[PDB]
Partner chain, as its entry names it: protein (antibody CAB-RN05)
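Given as structure tokens, the chain that follows is alone and in the form solved without its partner chain.
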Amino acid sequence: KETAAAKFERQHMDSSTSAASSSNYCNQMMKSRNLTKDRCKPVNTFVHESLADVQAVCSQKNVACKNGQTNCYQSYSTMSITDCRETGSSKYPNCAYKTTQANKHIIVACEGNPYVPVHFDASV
């Protein structure tokens, strides 16, 4: 199958690129990470920091999750991220995305033992 931790890594981690995401990046990555199989996932963020650094966020600033749960954590430092946002003219199965790089604090939901990221909540 796929654990929640692994699913977070597949959907949200891209440590291999520092911050040079081309205009093609989201189009390629949304497909390669299997986020366009059942539908075009409308919004998805990739984090270009080490797995250790992102995992460390679960020990950082506790904040409320958007859904009202209390297991969200905000990074003390800004992180290099790429936001992928489905274009207005994107039509499944040909999902099309705008690629936007940012340096922002991330907010993730953490669960389990070990306590690790399982959802990407927001960037601020």
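Definition used throughout: the rigid core is the maximal C-alpha set that superposes within 1.5 Å between two forms. Positions refer to the first chain, counted from 1.
Relative to the shown model and aligned on the rigid core, the C-alphas in 5 other deposited structures of this protein deviate most, among 49-57 and 31-39, for 31-39. When the C-alpha B-factors of 35-43 and 61-69 are averaged, 35-43 comes out higher.
Checked against the record, the higher mean CA B factor of 85-93 and 50-58 lies with 85-93. Across the options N103, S18, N113, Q11, the residue with the most elevated CA B-factor in the record is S18. Remark: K7 belongs to the middle third of its chain, ranked by C-alpha B-factor as recorded. In the PDB entry, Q28 places in the highest third of its chain by CA B-factor.
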